[PDB]
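K.L.:
Attaching a single structure in structure tokens format; questions to follow.
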Amino acid sequence: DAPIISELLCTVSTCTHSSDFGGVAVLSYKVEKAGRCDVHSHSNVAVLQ
Amino acid sequence: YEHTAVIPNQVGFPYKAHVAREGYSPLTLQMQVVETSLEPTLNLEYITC
């Protein structure tokens, strides 16, 4: 039922040593069908908001 | 944001200083001087007519 995408051509933009949200990473992809998808890290270094 | 520069003292010469600051689009400043009077101090010895 959810979006089934591939070729996840992502990237980064710029990064700071803040304590709040000061690392911005734009990421691109191909839309197969519009919806919503949830993101999550898989290591302990980087949290997401 | 603390940033310094070294500009020349010539009337009308347009000087540019570029600032690479994080988390924002970079910035450009321009400055030019016109009336750079060297007003000296003074003292007195006597008069004459």
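Ordered as shown in the structure tokens, chains take letters A, B, and onward, while each chain numbers its residues from 1 and ligands are numbered from 1 in the order shown.
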Near chain B, meaning an atom within 10 Å, which residues of chain A appear when counting only C-alpha atoms? Write them as a CSV table (one decimal) with N, CA and C atoms, in the first residue's frame.
P.N.:
```
chain,number,residue,atom,x,y,z
A,13,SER,N,23.9,18.6,2.8
A,13,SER,CA,24.1,20.0,2.5
A,13,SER,C,25.2,20.7,3.3
A,14,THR,N,25.1,20.7,4.6
A,14,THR,CA,26.0,21.4,5.5
A,14,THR,C,25.7,21.0,6.9
A,15,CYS,N,26.7,21.1,7.8
A,15,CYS,CA,26.7,20.5,9.1
A,15,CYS,C,27.4,21.4,10.1
A,16,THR,N,26.9,21.5,11.3
A,16,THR,CA,27.5,22.3,12.4
A,16,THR,C,27.6,21.4,13.7
A,22,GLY,N,21.0,21.7,13.7
A,22,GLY,CA,21.9,22.5,12.9
A,22,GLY,C,22.7,21.6,11.9
A,23,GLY,N,22.1,20.5,11.6
A,23,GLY,CA,22.6,19.7,10.5
A,23,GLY,C,21.5,19.5,9.5
A,24,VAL,N,21.6,20.0,8.3
A,24,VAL,CA,20.6,20.0,7.3
A,24,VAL,C,21.1,19.1,6.1
```
K.L.:
With only C-alpha atoms as the counted atoms, please give the residues lying no more than 12 Å from residue 31 (chain B), apart from itself and same-chain residues fewer than 4 positions off, as a ChimeraX atom specification.
P.N.:
/B:5-18
K.L.:
Between A:2, A:7, A:12, A:49, which residue has the minimum interatomic distance to residue 29 (chain A), considering only C-alpha atoms?
P.N.:
A:7
K.L.:
Rank A:45, A:39, A:31, A:26 by their smallest atom-to-atom distance to residue 5 (chain A), using only C-alpha atoms, and report the top residue only.
P.N.:
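Closest to residue 5 (chain A), using only C-alpha atoms: A:31.
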K.L.:
As a list in words, please: every residue in chain A that a backbone DSSP assignment puts in strand (DSSP E).
P.N.:
residues 14, 15, 23 and 24 of chain A
K.L.:
Keeping only C-alpha atoms, write the selected residues to a file as a JSON list (two decimals), in the first residue's frame.
P.N.:
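File result-v3.json, as written:
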```json
[["chain", "number", "residue", "atom", "x", "y", "z"],
["A", 14, "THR", "CA", 26.02, 21.38, 5.47],
["A", 15, "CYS", "CA", 26.68, 20.55, 9.10],
["A", 23, "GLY", "CA", 22.64, 19.71, 10.47],
["A", 24, "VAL", "CA", 20.61, 19.96, 7.27]]
```
K.L.:
Please report the interatomic distance between CA of residue 26 (chain B) and CA of residue 48 (chain A) in Å with one decimal.
P.N.:
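Computed distance, CA of residue 26 (chain B) to CA of residue 48 (chain A), equals 25.9 Å.
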K.L.:
I'd like the contact shell of residue 32 (chain A) - 9 Å cut-off, only C-alpha atoms, skipping same-chain residues fewer than 3 positions apart - returned as a PyMOL selection string.
P.N.:
chain A and resi 3-6
K.L.:
Go ahead and write the selection's residues with N, CA and C atoms as a CSV table (one decimal), in the first residue's frame.
P.N.:
```csv
chain,number,residue,atom,x,y,z
A,3,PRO,N,4.2,3.9,-0.6
A,3,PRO,CA,5.2,4.2,-1.7
A,3,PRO,C,6.3,3.2,-1.8
A,4,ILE,N,6.5,2.7,-3.0
A,4,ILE,CA,7.6,1.7,-3.3
A,4,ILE,C,8.6,2.4,-4.2
A,5,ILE,N,9.6,3.0,-3.7
A,5,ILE,CA,10.6,3.8,-4.4
A,5,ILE,C,11.9,3.1,-4.5
A,6,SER,N,12.8,3.6,-5.4
A,6,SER,CA,14.1,3.0,-5.5
A,6,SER,C,15.0,4.2,-6.0
```
K.L.:
Give me, please, the distance in Å between CA of residue 3 (chain B) and CA of residue 38 (chain B), quoted to one decimal.
P.N.:
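A separation of 26.6 Å between them.
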K.L.:
Just give me the gap between CA of residue 21 (chain A) and CA of residue 46 (chain A) in Å, one decimal is fine.
P.N.:
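Atom-to-atom, CA of residue 21 (chain A) and CA of residue 46 (chain A) are spaced 11.2 Å apart.
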